[PDB]
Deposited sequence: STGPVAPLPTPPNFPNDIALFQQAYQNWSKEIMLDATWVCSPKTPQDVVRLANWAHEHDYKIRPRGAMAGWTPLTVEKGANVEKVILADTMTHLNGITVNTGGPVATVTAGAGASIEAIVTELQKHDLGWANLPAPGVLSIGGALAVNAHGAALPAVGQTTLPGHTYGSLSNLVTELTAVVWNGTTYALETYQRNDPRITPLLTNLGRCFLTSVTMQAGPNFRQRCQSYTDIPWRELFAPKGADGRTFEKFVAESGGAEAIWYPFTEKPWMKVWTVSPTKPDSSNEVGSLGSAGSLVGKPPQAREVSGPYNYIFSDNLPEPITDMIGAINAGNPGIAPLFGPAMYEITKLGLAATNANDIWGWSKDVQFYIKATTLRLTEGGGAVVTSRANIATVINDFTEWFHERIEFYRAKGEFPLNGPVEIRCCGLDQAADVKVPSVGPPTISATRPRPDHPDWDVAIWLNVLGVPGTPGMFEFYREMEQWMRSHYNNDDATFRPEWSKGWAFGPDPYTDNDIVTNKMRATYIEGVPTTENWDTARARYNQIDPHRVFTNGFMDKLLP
């Protein structure tokens, strides 16, 4: 069924109708209006047109995400235009000459494309998200990050950050109200106005960004599937092959622990000179068994989807075995290459899942305790539900750490970190210097799963709430589980604000960010109904 034709739409911007679905298909719309602006000036034309006709505009990147910040479930989108940035707003230029090398990218450029160009100039980023498909605008919007820390004794090379990609921004350009009309405006990192824009949840429309780059580096990625979970996730100072020891020795680490299994898949990244035992790779996405699944597994997933959640204790071990056998068969337990080739490992063809948990901001010395508390709690819960015949949990626990948006990493003049990034340092706790990402993944539609994600969100908020650690939702994942994600009204309208006014000055907090967003867009062109609840 055709949507109403928009009134007097700019004649040279082609409009087409497409479906929209979020990653888990928990948001599904049969029809939306879409266009692909050719230049930043065309986004300006779209915004002024929208203002004049009471339409809304949303930037559309790779759609590799879950939140309702583009379109909401069940929403009337008759007066909404989605502006695909990836078709044309994708230019990339490396700039070598200043206090630091930089790269200027259209907001629709993919992060893989950006860092591929950086590699040609012997440059790179230290803390990359796992999927390269992401648009840079979409990555910045949520403080996108990887699993990287420096090893003990490792210095941060000039230009690099172990925080979010949002910490690397030296300048950006956005569509902004000037008092009479929307126009392009450019902000430098030393401008107080920029900090809410560095992580903006799509409340602002970025057309281009410039980001610092450091030197590229070679990196090893070793996999282990032979460490029992209680050994890996042990209390502080324990014997054996512990998570904290890997972080000390190597810096970068991520564990994937399938449900009802004994041994995680642990990945450890070490900066280098190739180790004799490692296999050199020349491209990303080196885990072929995880981008493509065979028939016995897809049959289990099919049977789960058909109403058999009791397959979970068979499915977890089956996924572990595909991983163990696949790593061995393809000789991928010990690989080495440029940063991007070992840090990009999730292809867009990966199994569609939905996520809970979030971030714990704390001191580096407290990593073992945070992880041990979470994994012991999780294990007790999953076994508790199994004993009652209930299987709310059929995907892995995933755990990784990175750094925060440290001022020391920024090599241009700067007014500070992103205002509302989950990676923003806490001024009241200068010793808090890591973010621990504690995620749980599950098959969409699983009975009891969102109830459990609510149970977990409540537990994390209450448990990680003291002088040693605090909890922040991961913007890009599920949160405000009511029990469905993004539906607990108290969390959306009260507790997210509370999180982002805690421990920070009233001159640079959640309310500062809201004020800036409304100054830039008082007509609320760059909003939807969910945005209006979260950021009034």
Missing C-alpha runs, given along the deposited sequence, first residue counted as 1: 1 to 5, 278 to 297
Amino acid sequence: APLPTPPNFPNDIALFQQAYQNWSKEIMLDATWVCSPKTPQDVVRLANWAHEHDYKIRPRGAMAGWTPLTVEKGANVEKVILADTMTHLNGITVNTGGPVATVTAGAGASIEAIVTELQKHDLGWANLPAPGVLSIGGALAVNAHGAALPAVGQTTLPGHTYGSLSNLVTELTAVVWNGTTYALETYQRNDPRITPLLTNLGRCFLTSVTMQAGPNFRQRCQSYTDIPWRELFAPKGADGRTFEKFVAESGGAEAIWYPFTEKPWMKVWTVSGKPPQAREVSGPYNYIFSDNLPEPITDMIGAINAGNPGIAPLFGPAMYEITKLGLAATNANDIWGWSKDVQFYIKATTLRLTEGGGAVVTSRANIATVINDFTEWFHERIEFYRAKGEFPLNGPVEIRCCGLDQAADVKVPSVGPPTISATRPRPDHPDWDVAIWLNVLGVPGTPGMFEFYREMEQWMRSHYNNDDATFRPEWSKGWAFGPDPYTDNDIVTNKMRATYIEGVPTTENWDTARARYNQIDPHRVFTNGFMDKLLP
From here on, numbers count along this sequence of modelled residues.
Given 295 to 303 and 232 to 240, the range whose Cα B-factors average higher in the PDB entry: 295 to 303
205 to 213 or 376 to 384, whichever carries the higher mean Cα B-factor: 205 to 213
Out of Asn76, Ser363, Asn466, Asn439, residue topping the C-alpha B-factor column of the entry: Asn76
Selection by C-alpha B-factor (highest) of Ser250, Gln277, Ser339, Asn394: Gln277
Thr470 - Cα temperature factor, lowest/middle/highest third of chain: lowest
Ranked against its chain, the third holding the CA B-factor of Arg497: lowest
Relative C-alpha B-factor of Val504, binned into the chain's lowest, middle or highest third: middle
Entry-reported Cα temperature factor of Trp33, expressed as the chain third it lands in: highest
Ranked against its chain, the third holding the CA B-factor of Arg220: middle
